[PDB]
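Presented as structure tokens, the chain that follows is alone, the form deposited in one PDB entry.
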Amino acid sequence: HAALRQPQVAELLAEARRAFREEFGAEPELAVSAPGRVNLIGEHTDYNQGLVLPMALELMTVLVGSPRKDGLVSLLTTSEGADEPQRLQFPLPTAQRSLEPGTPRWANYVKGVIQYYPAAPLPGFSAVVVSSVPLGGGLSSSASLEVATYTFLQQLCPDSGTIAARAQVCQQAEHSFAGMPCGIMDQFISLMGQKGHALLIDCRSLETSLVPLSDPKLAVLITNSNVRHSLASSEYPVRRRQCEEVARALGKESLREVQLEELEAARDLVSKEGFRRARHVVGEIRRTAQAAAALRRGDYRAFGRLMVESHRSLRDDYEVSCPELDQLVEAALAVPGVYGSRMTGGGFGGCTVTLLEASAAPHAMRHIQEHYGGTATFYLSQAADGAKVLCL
């Protein structure tokens, strides 16, 4: 129970290209990659036009492939947790006949991005898909597969848009083809990550700022609870609706426009539950601004305190934690050298994120595992690059 090895892109490339040479009988022409993500702080704020502070991970999805001349798409994935079958072929969608979600589920992410890809003419293509992002494990495996697909389609047929327009295609694939009405964060960080930086994203204006996060004395420890309660899927849209009810009641376009003071004075305009949801949201936006300021001046102790307040708010007000994540966090915070820890992503399972002195990392891992009633998985990750292309 040491940290799980993260394969370099080169091992992933070598594996994908071999599988491709075997599967299709020729060398692939193209390779792309897009990372998974951990959100340092700013949870359940993106769809509230809030602030988020994710970083791209050294875990990533790689596509290798070649355009076809017959208008068909032919896919193979090797990812272990992928659902059967591992292969799927389908014709390109047309104005007459669209793609539709189905089986196997892993291909719905690719189909969705193809369906909403904005530029024409898109040729068909053959592609192999491999990934080190744990599938469905809370680090945005699906966003990385969407953005990798998008980054591949740009090579088949360049688009002429902005990065946020690409994120929104990928978000639409997730909404329509995976049935998960996500905000913009995961797609945007997968696109926009830079090595050694976190990305402050303003989800109202779509301004982004690269915040340096690279200090050998510091580490980021990701802990996978390896649990995912069914609520991760069904209660996420419930939270979106509750935030929208509160913004409507207060006559605000979004909770970005609402402050705690304003909220407390309109306490009689919303449900008790709604008040709790919106108090989290307004507070988390302020905490994300404060955390970004702290990171910049190298104030990790303060950054870690804000992380802990974010977890408590998520646990108690937004109510999207779970006993597994809580036990993970309470264990991390008992380790000397740990600045702060909190659940990351949507909640009801998945991962926690911990900011700690680098030297403290193996102690945190032994202790967190021992106080965890389940089986934990660990990643030590630096801030990674976002989507990349390599001609083969």
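Residue indices: 1-based, along the sequence shown.
There is also a form solved in complex with a small molecule; it is not shown, and the following applies to it.
Undergrad: So in the bound PDB entry, are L122, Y150 and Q154 all sitting within 4.5 Å of the small molecule, heavy atoms only?
TA: Checked in the bound PDB entry: no contact with the small molecule for any of the three.
Undergrad: Though the small molecule is not shown, can you say which of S214, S271, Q172, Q259 has a heavy atom within 4.5 Å of it in the bound PDB entry?
TA: The residue in contact is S214.
Undergrad: Please tell me which of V308, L263, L295, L92 lies within 4.5 Å of the small molecule in the bound PDB entry, judged by heavy atoms.
TA: When the small molecule is considered in the bound PDB entry, the option within 4.5 Å is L295.
Undergrad: Choose from 271 to 279, 297 to 305, 242 to 250, 113 to 121 the stretch whose residues reach within 4.5 Å of the small molecule in the bound PDB entry, heavy atoms counted.
TA: Among the listed stretches, the partner-contacting one is 297 to 305.
Undergrad: Is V238 one of the residues lying within 4.5 Å of the small molecule in the bound PDB entry, judged by heavy atom distances?
TA: Output for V238 is no: heavy atoms all beyond 4.5 Å of the small molecule.
Undergrad: Can you check whether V338 is within 4.5 Å of the small molecule in the bound PDB entry, heavy atom basis?
TA: Contact with the small molecule, no.
Undergrad: Quick check on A164: any heavy atom within 4.5 Å of the small molecule in the bound PDB entry?
TA: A164 lies outside the contact set for the small molecule.
Undergrad: Within a 4.5 Å heavy atom cut-off, is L59 in contact with the small molecule in the bound PDB entry?
TA: No, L59 sits far enough from the small molecule in the bound PDB entry that none of its heavy atoms falls within 4.5 Å.
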